[PDB]
Amino acid sequence: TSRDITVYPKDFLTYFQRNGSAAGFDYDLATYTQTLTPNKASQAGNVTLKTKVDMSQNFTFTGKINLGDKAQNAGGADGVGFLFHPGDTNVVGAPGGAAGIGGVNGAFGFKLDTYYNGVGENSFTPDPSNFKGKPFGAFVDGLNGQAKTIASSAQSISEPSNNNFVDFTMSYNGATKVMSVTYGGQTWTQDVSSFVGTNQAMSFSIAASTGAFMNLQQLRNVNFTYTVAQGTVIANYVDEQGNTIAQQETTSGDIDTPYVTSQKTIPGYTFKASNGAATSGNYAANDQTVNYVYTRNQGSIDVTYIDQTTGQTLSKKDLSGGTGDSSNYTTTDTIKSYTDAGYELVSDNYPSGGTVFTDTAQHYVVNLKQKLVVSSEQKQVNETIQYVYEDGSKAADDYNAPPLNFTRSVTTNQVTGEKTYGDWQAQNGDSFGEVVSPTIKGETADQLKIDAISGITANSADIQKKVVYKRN
Ligand SMILES: [Ca+2]
């Protein structure tokens, strides 16, 4: 592998970060010594590995640990915890009974517990009963957050004494997933395959803890041959309201080596912004998430109603919605109002079976004309000559003349009420004939004839004449 190095004593601080207690002390570059905790109460100091570890390759950890100058009976505590978890390179475990492993998720490793915790918290299960007041080295199951000691791995160790450094070797087989830890003559072996659940890259922490009891806890001549894990960029494609719209695109690569992400073209959506990490960058030991936000594409549909008689817009409806959704708009309601008001529908290009908003705009038109109802009014001009005696009694039947009929069209607008009259056409003529008055036997008439009356119009008034007959 290319991502595969050996961390030398002289470069300890390059690859390890002094946290809590340890950050008060400078790595002595003559002894190659790093203080985790001093001989003081309520301490908590760790070294977190800056990178991560490929938990599928072969790593060999070498060094000497000073567990202090006091046993538990003599007021000595708490021990040295080795942490392996899949989480952040900066997350470290709870102190005391959790021994630098408990209270992280997906956590496992090896402790030298120089203090027997018999009373269990929510962060650690009681230490094994077969070790009451006795120092021991053990593997721990920290997956469910609660550090549980593997009672199989529980072998006794030499009490902390005179601040003496004992040899420590932790070796791991990638394919077997088997860890071999040797602390000064005692030897441990455990199958961590159960503990590297799926994630071939784990965070590393060496931690130390004091409480009421205390011990100077240090590390010396550290040698860590391992395969540096690869960084992992994650890329999400989501709408504005969180909901994912495209498959998340998890890449992976050597750290400080370019990663590149891609804006996805997404049917029904336009890119808005990239929240989280840069779309272009370099790879990093913790997991960088580039989200891609998209807007739900909205389509436009308008329906214009036009009075063709005025050539002017009656009303316009504007529908906007998501590319694919139904407007649930009908023209019949807005047509009804108009056809009620005395409009006649000319044309409707709006689809009968509803519309669907699309990426491209939709425009529909409804032409209505002011309804025109052609009527026909008829007028008639009449000539009636009555033939009477001086008493007002009838000498003869009234002559009712061939009537002069007139007719004009009357176009009526049902929207305005306006009446468009045509020209008063004459059906029968303009001239009333001459009417010679009857000759009654033994009478003489005041008018012997009624003269022809011409130039009668539809405006002309009915003629009402009267012939009076005198005796002899
Ligand atoms: Ca303990």
Side-chain angles (χ1 to χ4, degrees), residues 19-22 35-48 65-85 91-105 107-161 163-164 166 168 170 179 181-184 186 188 190 192 195 204-219:
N19 298 267
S21 297
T35 310
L36 288 193
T37 64
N39 194 63
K40 270 174 225 198
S42 300
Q43 293 294 278
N46 55 77
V47 272
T48 48
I65 315 192
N66 157 21
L67 286 181
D69 69 5
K70 279 177 284 294
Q72 339 183 342
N73 47 64
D78 267 295
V80 162
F82 290 74
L83 180 62
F84 281 108
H85 75 115
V91 174
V92 211
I101 282 126
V104 190
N105 280 107
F108 74 86
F110 190 68
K111 57 154 128 150
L112 295 154
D113 192 11
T114 73
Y115 190 82
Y116 168 84
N117 296 92
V119 207
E121 278 185 6
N122 86 131
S123 41
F124 65 83
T125 32
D127 287 329
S129 310
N130 34 280
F131 270 103
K132 185 189 243 219
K134 287 305 275 154
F136 63 104
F139 285 107
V140 215
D141 160 67
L143 301 179
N144 61 307
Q146 196 150 54
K148 318 221 221 57
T149 321
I150 306 172
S152 330
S153 51
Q155 290 167 45
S156 86
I157 51 156
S158 290
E159 297 269 24
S161 179
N163 282 344
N164 283 347
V166 193
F168 189 96
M170 185 170 51
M179 202 170 277
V181 173
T182 80
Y183 185 59
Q186 292 277 72
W188 297 258
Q190 194 65 30
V192 300
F195 304 141
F204 192 32
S205 103
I206 316 157
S209 143
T210 86
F213 297 173
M214 64 199 78
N215 262 317
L216 181 72
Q217 279 154 147
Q218 311 176 300
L219 288 167

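Numbers here are sequence positions counted from 1. Atoms within a ligand are numbered from 1 in the order they appear, just like the ligands themselves. Hydrogens, waters and symmetry mates are skipped; everything else that's a heavy atom, side chains included, is used.
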**Q** Give a yes or no on whether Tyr116 keeps an N, O or S atom under 3.0 Å from the Ca ion (ligand 1).
**A**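 Here the distance criterion (N, O or S atom, under 3.0 Å) is not met by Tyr116, so no.
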**Q** Establish, yes or no, whether a centroid distance under 6.0 Å links the rings of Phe139 and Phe82.
**A** no
**Q** Let me check your reading of the structure: within less than 3.0 Å of the Ca ion (ligand 1), is there an N/O/S atom from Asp113?
**A**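 So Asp113 counts as coordinating the Ca ion (ligand 1), yes.
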**Q** Do the two ring centres, one from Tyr115 and one from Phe213, sit under 6.0 Å apart?
**A** yes
**Q** Tell me whether the rings of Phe110 and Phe168 are parallel (<30°), tilted (30 to 60°) or perpendicular (>60°).
**A**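 Plane angle between 30° and 60°, so tilted.
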**Q** For a distance under 3.0 Å, tell me if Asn117 has an N/O/S atom near the Ca ion (ligand 1).
**A** yes
**Q** Parallel, tilted or perpendicular: which describes the rings of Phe204 and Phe84, with under 30° parallel and over 60° perpendicular?
**A** parallel
**Q** Please name the atom of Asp127, restricted to N, O or S, that is closest to the Ca ion (ligand 1).
**A** OD2
